[PDB]
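Chains G, D, A, K, B, C, J and F, in that order, are what the protein sequence lines are.
One point on numbering: in the entry's author numbering, the residue at position 211 of the first sequence is 361, and numbering is uninterrupted.
One point on numbering: in the entry's author numbering, the residue at position 78 of the second sequence is 228, and numbering is uninterrupted.
One point on numbering: in the entry's author numbering, the residue at position 101 of the third sequence is 251, and numbering is uninterrupted.
One point on numbering: in the entry's author numbering, the residue at position 51 of the fourth sequence is 201, and numbering is uninterrupted.
One point on numbering: in the entry's author numbering, the residue at position 62 of the fifth sequence is 212, and numbering is uninterrupted.
One point on numbering: in the entry's author numbering, the residue at position 121 of the sixth sequence is 271, and numbering is uninterrupted.
One point on numbering: in the entry's author numbering, the residue at position 146 of the seventh sequence is 296, and numbering is uninterrupted.
One point on numbering: in the entry's author numbering, the residue at position 20 of the eighth sequence is 170, and numbering is uninterrupted.
For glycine and all other residues, C-beta sits at the position ideal for the given N, C-alpha and C.
Written below as structure tokens is the structure these notes are about.
There are 8 protein chains.
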Amino acid sequence: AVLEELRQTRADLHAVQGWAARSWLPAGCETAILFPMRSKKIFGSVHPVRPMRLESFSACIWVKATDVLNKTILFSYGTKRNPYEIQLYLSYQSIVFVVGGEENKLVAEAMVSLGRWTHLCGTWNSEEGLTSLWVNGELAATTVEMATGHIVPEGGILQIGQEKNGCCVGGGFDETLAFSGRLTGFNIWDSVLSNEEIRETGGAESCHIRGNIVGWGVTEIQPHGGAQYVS
Amino acid sequence: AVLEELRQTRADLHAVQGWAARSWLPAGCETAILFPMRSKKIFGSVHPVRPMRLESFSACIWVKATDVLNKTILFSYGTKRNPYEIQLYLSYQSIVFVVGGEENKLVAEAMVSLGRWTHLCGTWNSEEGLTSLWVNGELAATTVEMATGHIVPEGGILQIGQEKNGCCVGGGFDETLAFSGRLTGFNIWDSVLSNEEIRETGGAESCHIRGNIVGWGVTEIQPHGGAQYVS
Amino acid sequence: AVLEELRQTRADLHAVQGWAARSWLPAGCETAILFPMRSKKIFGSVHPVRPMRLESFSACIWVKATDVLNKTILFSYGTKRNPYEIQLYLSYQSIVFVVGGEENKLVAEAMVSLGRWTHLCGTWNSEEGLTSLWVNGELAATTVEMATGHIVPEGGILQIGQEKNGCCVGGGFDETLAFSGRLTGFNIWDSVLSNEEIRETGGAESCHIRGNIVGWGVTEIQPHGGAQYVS
Amino acid sequence: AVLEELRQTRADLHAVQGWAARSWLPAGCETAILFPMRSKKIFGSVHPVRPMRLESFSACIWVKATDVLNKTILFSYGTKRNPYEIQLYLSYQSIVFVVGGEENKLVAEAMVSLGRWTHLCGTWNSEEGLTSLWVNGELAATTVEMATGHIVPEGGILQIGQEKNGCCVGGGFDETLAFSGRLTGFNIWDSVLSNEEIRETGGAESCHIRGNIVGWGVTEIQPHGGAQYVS
Amino acid sequence: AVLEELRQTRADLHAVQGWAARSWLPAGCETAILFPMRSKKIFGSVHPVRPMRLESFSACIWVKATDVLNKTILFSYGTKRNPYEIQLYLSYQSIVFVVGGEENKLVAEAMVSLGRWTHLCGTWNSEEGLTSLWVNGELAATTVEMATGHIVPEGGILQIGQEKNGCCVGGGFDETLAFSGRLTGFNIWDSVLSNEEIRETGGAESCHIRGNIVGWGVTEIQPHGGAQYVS
Amino acid sequence: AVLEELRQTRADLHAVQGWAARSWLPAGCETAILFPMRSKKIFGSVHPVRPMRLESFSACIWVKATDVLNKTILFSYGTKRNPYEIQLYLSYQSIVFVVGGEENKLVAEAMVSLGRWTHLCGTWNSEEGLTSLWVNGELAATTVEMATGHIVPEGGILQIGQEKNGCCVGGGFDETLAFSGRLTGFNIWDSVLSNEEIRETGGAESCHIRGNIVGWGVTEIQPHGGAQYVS
Amino acid sequence: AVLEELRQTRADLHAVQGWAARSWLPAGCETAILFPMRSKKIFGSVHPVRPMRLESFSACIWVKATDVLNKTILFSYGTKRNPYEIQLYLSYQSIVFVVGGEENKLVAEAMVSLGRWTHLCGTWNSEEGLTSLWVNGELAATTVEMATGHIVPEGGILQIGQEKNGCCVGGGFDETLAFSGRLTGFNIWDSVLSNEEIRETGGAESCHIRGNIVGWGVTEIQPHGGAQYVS
Amino acid sequence: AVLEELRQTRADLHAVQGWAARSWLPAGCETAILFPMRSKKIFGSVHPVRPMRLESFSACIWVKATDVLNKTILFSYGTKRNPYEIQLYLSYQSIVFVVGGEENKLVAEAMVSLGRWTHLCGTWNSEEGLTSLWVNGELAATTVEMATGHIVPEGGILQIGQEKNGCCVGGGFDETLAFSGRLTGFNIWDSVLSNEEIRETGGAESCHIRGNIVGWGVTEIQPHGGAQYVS
Ligand SMILES: *[C@@H]1O[C@H](CO)[C@@H](O)[C@H](O)[C@H]1NC(C)=O
Ligand SMILES: *[C@@H]1O[C@H](CO)[C@@H](O)[C@H](O)[C@H]1NC(C)=O
Ligand SMILES: *[C@@H]1O[C@H](CO)[C@@H](O)[C@H](O)[C@H]1NC(C)=O
Ligand SMILES: *[C@@H]1O[C@H](CO)[C@@H](O)[C@H](O)[C@H]1NC(C)=O
Ligand SMILES: *[C@@H]1O[C@H](CO)[C@@H](O)[C@H](O)[C@H]1NC(C)=O
Ligand SMILES: *[C@@H]1O[C@H](CO)[C@@H](O)[C@H](O)[C@H]1NC(C)=O
Ligand SMILES: *[C@@H]1O[C@H](CO)[C@@H](O)[C@H](O)[C@H]1NC(C)=O
Ligand SMILES: *[C@@H]1O[C@H](CO)[C@@H](O)[C@H](O)[C@H]1NC(C)=O
């Protein structure tokens, strides 16, 4: 009796199953930025209140990439002299973390899926260049003495979904570099997070641990070019 | 006991039944463009990165038409000399595919419903003009030697929901030509898709197969005039 | 066993109960206009393609009013000479239908609730001025020989939520006249709808019967001043 | 049998549990303002129709603060001469109510949570300065003879999420003062609400009791700088 | 000797003769409004600080009409009920002054030239409707008992170059009624000016006598649609 | 004595000589459109009130071209089907008039100077295609039976300085075809002007003879992309 | 002979006499701000690079007032706490300099003409409040011990033509306080200028002496509401 | 007789002397860009049609600087990697030409005046780095083997009045580097100009010699931030 009716109740709930699953957001975040397209002018400007005069930093982010090219920028900090200060991006299947210069990069192979949220986070300290990438909370890659003894200066432009090219011409950003998908939980810290801290940054009810420099839901992140807040 | 309570549980879930059903999206697409009204200025501009110098193409699309007139444009590619290069549209009850010139068209009669999503897709190769229309994955119509030996040139304007008229006067598009409804999953390929490929393009978890020329969620599709992204 | 866990399943579904109920829309309409506030500049312009040279008309509408004043305009058609051609509005508790002139009005007392959708609809034919108001499908009021032998001319401005005052000064509309709430299913017909037609216009799956003059989801309705499309 | 199936039914409903919980709104409010970030230009201007020439007032509000600093403004009324006429704000953990002057403040310690809605409401009468703060319906703090014999004049600017600084320079608001979170049910009364009235203002189906001076869903509350209506 | 070189000096000054003559402005006026075209939406809004609750008024204007149709509006004040309260316009060759309603008007035949500045001033007192038109300082046409015992109420919209038709439709102003040319010295008084005052208003150094209700260079005149301030 | 001081008077007037000469305008025209650069999106839309359903037409224009390429468009009228209905342009040194189609055209060799105003007027009647080009009032080149028995239809877009390419893509107009310089006195007639009328149109005090279809200072000309009205 | 022709040469030059006189600018200034009207929202923001933490200051300005009311503001610097820090304004016929607060002010009677440029410069040093007003280079009125021992703090907003009221309400500036006319040569110094320097600031070729804090043609002055640069 | 009246004629012409002198433009240039202030965001973008893949180039510009700081940029071309490719700027009194990098530069001491137009042209060929600076047509300073064997690549942004800092942050350009004054005749050539050509570029009727890469009145120059075209 009850089982038979439960059959049709489940059949009905199937309609809302996918509708709720498609708009699900990771952690406890109630807002995210949507890049519906790889444009020549789509990006998001971040305006940290605290200066970026940082020697050690651990930048985490929740990403869901619809299409990943040879080079797709998640977030990137770049000054006038050197546009590749901090730059997390995605290759065809790997994740690349660039600190200091374009030549100093750390690559973690084949642990990013397209339509699934992943907590990509990258740590780096200037004492000996001990850089690491954690994906979904477990170590993905690590290297030492890369960009060692380097300090990212102030005045640089930090963006999400693009690299420093400027939009004083009505865009001008390289389309192939753009990011198309969803971003949330963008946090940057002034110190190397501990292992447990990195694990708990990408948990279930974890969208309330925000960095001091850039904090999701606190810092001025304004999208441009077509990106929008999908609350 | 449990059955009685299940009665009221189902009665309660009835309230969310329609609310979830009305905003349901086809395939796995999490975003779509809404044309709430037939205006003189409503359309959506598409900006393919790859040039449209194509001899064979298979253009798929998910459409839900609120009202269909004698001539309602779903998508249309048109150059300066000939505005009817590629044009998929809807008659009162039939679906029309135009390639090359307005005289060359293929008509499939009475398989489009108003308030229901349908995966209209049109294939065409210039070797002998073998054109086809598949609706919901099964062949709807086919013809041979139409617009044969024709090449759609570059520089043309591609739009969704309207035809090439231009909006340098504050609109100017013919209202009767406009489209009012919902569009999603707009993909254009550079080659004739195989039968299984066409079948799987309009499946359940099928909103991740995108064309190389125009790909939903990848290409710059910007609405104008009142059209908007209903995420 | 099953009953006990069903208790907590219902407790869980309670959280989504109200969230789905609050954004529920009447009929089968998937889109509506939200007037969040009574501003000096909030309204919605309607642009019928067919001229308003009508002798008989039946104008239906779905309304949910957050706050109703001495005079709150739902929709209003007004020419340059006479701004009170057609005007449906709400008094403190009654519904008023004005056709032809401000002196010719029909009042139906105390059948409008604030936070609940109601299908207010008004019919009028110029042969003898036989005007009627139906609320939720059942007759609310009726009168004869009011504005008889009158023809509403063309060129008039039709708005939803305000009356004809113009916004060439940055607003100027009377705040007290404004409408704050939700509107959907705005339809105007060129003929007096039959009783069954009026009953089925405000049904359950009834948001696909649209008028020839103004049709919800077909005609150009553009909000202004703060009103927005709440899909 | 039924129990086993109910196990996976609950497992499935878990996906929509959090999705519905994250966008839940308090009382019966169907609309709210979202401050996604602490910008230099984010706020919301309120335009009461009735003048603020009030001697006694009870200002209620529903707030959900993502991050609370040393000084975070929920709402603030300020004239040209004295910008601190009325100002409700949040310290690190306490709630502060300022009436008349910045020196006259009432502080209620440690009853505000970050990610949870709370019905903060403040009452004040000028007969003897008997001011009170109610949090979630129960008394949080109270004092007497503070700003006694004072009248808040007219012409002042009332904002939500910021204090009176002006935005004729492209912002200029102090970032640290800004509010980042969600606001709803902003009501201001011309008289001291009774205890039962304050209790029922922050109830379950209580988002229909609105003040005469400022009423949520009635008064012109236009956000600026990045604040949004999250319907 | 000197006489011979004077010929070349005059020939040189010839190049600046016309260039200075074309941009010459009448009276001592240093600024004027240019209506380059008869757009569908060209006009200028006037926002008098003092209310238009006037019984007797004198209104002057310096006009240079590039093209005059059957009906070309210089300025027009109109309320919601009656859009033809005050309206000065030009027929093919005559000047028409309308006060109260279209039925009662004053016409002065054939004293307006196209490319030449003319100082048109219409006066009217409600005691007996004694209305007069003065062109370039000399009386043109006078009538008595027209719109007698009439009072132009407040709230009406006053414009230059168009009638009261509203621009909430993206224009909508009748193209034919538009004004294309140059306007300056728009003044409206609360009392019928004396003959000597009328003569002095249209003098040489006379762009410093301005009306109390509307005063050129003091009142808020906002051009729209293509009209611009030609300083 | 007088001659000596006249020397310095002439020396002084030298400073204003060039300043007045550079901003000189031809005919009695007091306004003109300036195309400072050959932008990708610079043009001017023209919106004739009278439809372009014309069989015979004479079109004049005063032009001062800063730089003339292989193809520089002064004005161009083009429909959706055929964008080359009417098109007057400049080759490296010649003036080209196109009516009907690109195949049939009239060319007048080497009578256009760059920095000097020239009055180019092309006439054409459909009775036998008798087309003529008049430069500065004297006939330049005439031909017969070109585009004979052809009628330019309605709906076509008419622009100055560009072709019909549409700006819904944020521009897209071919840069090379653009016009950079100054334009004025754009007039189009519904009949072939007589020889004396053609001479008078390009006279000294001749900026008051305007066409019925398009008339300078009467028709609606909207510059776009960087073009502006240089009064 | 020469004298006779010189008569007509002078008659010719008469046409350009007034045209050049009306647009004349004082000093060697090549640009100025025009306030065509006393709008509700007309002003000009000034953004000094150097902070206003000044104890002694001299502030000059060239002013030409079309209409002067009971209180018309030339420039005004005001902080959040005290909006009347520095404020130079005009009464019906006198010039008023306000430093520190409203109570302490300096008044110079009847030396301002409406349509004539005047060089008003107010100096003030905090050692003993020795404040002075210089009009056209000759001292107008001086006082001692007014606002003595006072320091104007930083963060205050400095405007020309209005007070500190804010425009986040779409204006809100008091209309009466507005300034309508022309302004130029706005300079503010960090030290009390010497008498010879004061005289030289208002000379003939004197639009190249600019203050260190605010300098005309160097400091960032943005007109708003209708004000514009009349070059 | 004639001499006496000529005295007053000269006295009258004195009034227009300065008014014509202040708006005088050099060469035969009829248009120029005005930088009224040193805003945080004032500049002008230049969009050369021909790519900047140049080995030898000569770049001229007419400049009139109101205020010159330690570093004031006239024009600057900079790529992403190296923002200092080409950069002409002014020190306190000298003119500096930078090609390749900041380390290698050419300085010409003390030949720039503030309020006077000067024709600064820098030439450089990569064969041996033979760079030269010509001021007003006479060589100022030359050097050899500086940036030798260097090629300025494509994609770099070229601006007038600022460096390459990007305006995606709502400005961000360094205020000190900005340029405040007037610019015209901006030309860049693909080959080192000859000495006679250099002299002719800065002549009297010399505003018709324009470069192939960037040509004044041909290339797309868009002012931003407050800069405007002073025709
Ligand atoms: C992938 O991108 C890198 C730079 O990010 C590039 O060096 C490499 O060649 C690319 N792989 C290709 C093009 O196959
Ligand atoms: C339907 O549209 C076609 C063109 O798309 C037209 O030829 C045909 O006449 C229309 N049918 C009608 C008007 O009944
Ligand atoms: C209600 O409104 C009507 C006009 O719509 C007005 O005549 C009447 O006086 C109002 N009732 C009041 C003010 O009590
Ligand atoms: C908290 O803010 C108050 C003012 O609102 C301030 O006086 C106090 O010092 C702050 N507490 C700190 C800075 O620890
Ligand atoms: C001129 O205009 C008036 C109304 O302004 C109109 O009545 C009259 O017919 C017009 N004259 C014509 C059309 O010849
Ligand atoms: C000049 O332009 C025409 C088309 O307008 C073109 O056919 C011709 O080749 C051009 N001349 C050249 C490129 O030398
Ligand atoms: C002039 O203005 C002052 C304040 O600026 C005011 O106190 C005074 O009353 C005014 N004079 C009048 C209103 O006659
Ligand atoms: C002038 O500017 C240069 C850089 O352009 C700088 O190195 C130098 O120190 C400056 N001179 C000063 C600050 O006196």
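Is any beta-carbon of chain G found at less than 7 Å from that of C318/F?
Looking up residue 318/F in the eighth sequence gives position 168. Chain G contact via Cβ: present.
Closer than 6 Å is what we want: which residues have a beta carbon that near any heavy atom of ligand 8? List them in chain order.
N220/F, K221/F and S241/F
Listed in chain order, which residues of the stretch 191 to 207 of chain K have Cβ atoms closer than 9 Å to some Cβ of chain J?
Those would be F193, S195 and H197, in chain order.
Give a yes or no on whether the minimum CB-CB distance between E370/D and chain A is below 7 Å.
Here residue 370/D is taken as the residue at index 220 of the second sequence, counted from 1. No, its Cβ sits nowhere closer than 7 Å to a Cβ of chain A.
Would you mind listing the alpha helix (DSSP H) stretches within the stretch 241 to 324 of chain A that are 4+ residues and don't spill past its ends, in chain order?
none
Is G311/J near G194/J, with beta carbons less than 7 Å apart?
Locating residue 311/J in the seventh sequence gives position 161, where the first residue counts as 1. Locating residue 194/J in the seventh sequence gives position 44, where the first residue counts as 1. Yes, the Cβ-Cβ distance between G311/J and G194/J is below 7 Å.
Do you know offhand how far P186/J's Cα is from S206/A's?
In the seventh sequence, counting from the first residue as 1, residue 186/J sits at position 36. In the third sequence, counting from the first residue as 1, residue 206/A sits at position 56. Answer to the nearest angstrom: the Cα atoms are 51 Å apart.
By Cβ distance below 6 Å, which residues in the same chain neighbour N315/A in space, the five residues on each side in sequence not counted?
On the third sequence, position 165 is the one that residue 315/A refers to. Same-chain partners within the cutoff: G322 and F323.
Mind checking which residues open and close the beta strand (DSSP E) that includes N337/K?
In the fourth sequence, residue 337/K corresponds to position 187, counting from 1. Looking at the DSSP string, the run of the beta strand (DSSP E) that includes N337/K is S330 to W339.
How is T159/C classed by DSSP in three states: helix, strand or coil?
The sequence position of residue 159/C within the sixth sequence is 9, counting from 1. It is helical.
Suppose you measure from the CA of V294/C to the CA of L256/C; what does that come to, to the nearest Å?
Stepping through the sixth sequence from its first residue, residue 294/C is reached at position 144. Stepping through the sixth sequence from its first residue, residue 256/C is reached at position 106. Distance between the alpha carbons of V294/C and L256/C: 10 Å.
Who are the near neighbours of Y379/G in its chain, counting only those whose CB is closer than 8 Å to its CB and skipping five residues on each side?
As a first step, residue 379/G must be located in the first sequence, where it is residue number 229. Around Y379/G: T181, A182, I183, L184 and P373.
Mind listing the chain J neighbours of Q158/B? Cutoff is C-beta to C-beta under 9 Å, in chain order.
Stepping through the fifth sequence from its first residue, residue 158/B is reached at position 8. By Cβ distance, chain J contributes nothing, its closest Cβ being about 12 Å from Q158/B, past 9 Å.
Since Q237/K sits in a beta bridge, which residues does DSSP pair it with?
As a position in the fourth sequence, residue 237/K is number 87, starting the count at 1. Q237/K is bridged to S226/K and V248/K.
In chain J, which residues lie with their C-beta within 7 Å of the C-beta of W267/B?
Start at 1 with the first residue of the fifth sequence, and residue 267/B comes out as number 117. Chain J residues near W267/B: none, gap ~13 Å exceeds 7 Å.
Starting from the beta carbon of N315/J, find every residue of chain K whose beta carbon is closer than 7 Å, and list them in chain order.
In the seventh sequence, residue 315/J corresponds to position 165, counting from 1. The contacting residues are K230.
DSSP state of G194/G, grouped into three classes?
On the first sequence, position 44 is the one that residue 194/G refers to. It is a strand residue.
With the cut-off set at 7 Å, would you say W284/K and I236/K are in Cβ contact?
The residue you call residue 284/K lines up with position 134 of the fourth sequence. The residue you call residue 236/K lines up with position 86 of the fourth sequence. The Cβ-Cβ distance between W284/K and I236/K does not fall below 7 Å.
Indicate the three-state DSSP secondary structure (helix, strand or coil) for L153/K in the structure shown.
Counting from one through the fourth sequence, the residue named residue 153/K turns up at place 3. It is helical.
With H, G and I counted as helix, E and B as strand and the rest as coil, what does DSSP make of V364/D?
Your numbering for residue 364/D matches position 214 in the second sequence. Strand.
Since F329/C contacts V364/C with CB under 8 Å, what's their CB separation in whole angstroms?
Counting from one through the sixth sequence, the residue named residue 329/C turns up at place 179. Counting from one through the sixth sequence, the residue named residue 364/C turns up at place 214. With 8 Å as the limit, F329/C and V364/C do not qualify as a contact, their Cβ atoms being about 17 Å apart.
Taking all protein chains shown into account, do 16 or more other C-beta atoms lie within 10 angstroms of the C-beta of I301/A, making it buried, or fewer, making it exposed?
As a first step, residue 301/A is located in the third sequence; it is residue number 151 there, counting from the start. It counts as exposed.
With H, G and I counted as helix, E and B as strand and the rest as coil, what does DSSP make of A215/B?
Indexing the fifth sequence from 1 puts residue 215/B at position 65. Strand, per DSSP.
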